[PDB]
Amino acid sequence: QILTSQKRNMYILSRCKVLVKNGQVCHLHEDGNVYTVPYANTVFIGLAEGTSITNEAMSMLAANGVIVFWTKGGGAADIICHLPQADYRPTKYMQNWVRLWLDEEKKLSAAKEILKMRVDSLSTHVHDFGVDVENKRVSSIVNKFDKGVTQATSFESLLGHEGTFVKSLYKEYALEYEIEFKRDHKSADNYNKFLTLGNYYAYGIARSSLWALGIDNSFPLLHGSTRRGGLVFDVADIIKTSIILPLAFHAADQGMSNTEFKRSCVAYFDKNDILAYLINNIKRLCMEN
């Protein structure tokens, strides 16, 4: 009875057992401590190292539209993610997505639109610290990206401008914090670490938006190599450069803890209604044809 986009909680759990105690979904730790999860008010649960989960907890989570995924996939994009399967989704959106996807020109047009959404999010979702997104250098980065997107004749061309856009923004944030930044997942520095961690939050909220509309992850708009993971990453990338990147670099520069950083992500998603934002934008991609 709570709207999907109105759910405000989400979690990345480590070194604990997720189970049902006293009719509550909760996680139990080695010290005996039990912490509960508001199952009717939770967007997703991510499961990291040293975790386990029972079918009983899965049943309650799935019955309340909570998505569950594992941060280790066995291989970044190999994320194992379990969706609710018994509560049937709306049909209208996926039916329109299919017609959109099969039409190679409508698909290219949709791809350009979901790319430009990154620009819209960048100017809408701002922060009172770090990089001023309205300065001349970011304005130039945005313009070069927008014109390149407006003019491409192939998906492979779109990936070129997409790569340049993201990489240039990385360099601008690196300059702001006087660090030499190089994107690497294995890297132990807090900048890459908080980026990786924050991207799980972008993933989780993006899968949720897609599940809410019943649109399959197997129909991505941006394809080609390398561009693997499914539609969820096209959606998550909308807020990757606008929300996750500045939040991560801010946290890393202050020596913020993981707990505090994760809280800043959740707080920002709630304050700016990001889940509702993603859902509405995907739905408009889906219908206005």
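Residue positions are given as counts along the sequence shown, with the first one as 1.
> So which stretch wins on mean C-alpha B-factor, 159 to 167 or 208 to 216?
Averaged over C-alpha atoms, the B-factors run higher in 159 to 167.
> Mind pulling up the entry and telling me whether 117 to 125 or 180 to 188 has the higher mean Cα temperature factor?
The stretch with the larger mean CA B-factor is 180 to 188.
> In the PDB entry, which of 83, 94, 100, 197 has its C-alpha at the highest B-factor?
Spelled out: the listed residue with the top C-alpha B-factor is 100.
> Which third of the chain holds residue 9 when residues are ordered by C-alpha B factor: lowest, middle or highest?
Answer is lowest: the recorded C-alpha B-factor places it there.
> Please rank the C-alpha B-factors of the chain's modelled residues and tell me whether residue 254 sits in the lowest, middle or highest third.
Ranked within chain, residue 254 CA B lands in the highest tercile.
> Within this chain's modelled residues, let me know which third the CA B factor of residue 59 belongs to: lowest, middle or highest.
Bottom third by C-alpha B-factor.
> Compared with the other modelled residues in the chain, in which third is the CA B-factor of residue 46?
Residue 46: CA B-factor falls in the lowest third of its chain.
> Taking only the Cα B-factors deposited for this chain, tell me whether residue 89 sits in the lowest, middle or highest third.
Bottom third by C-alpha B-factor.
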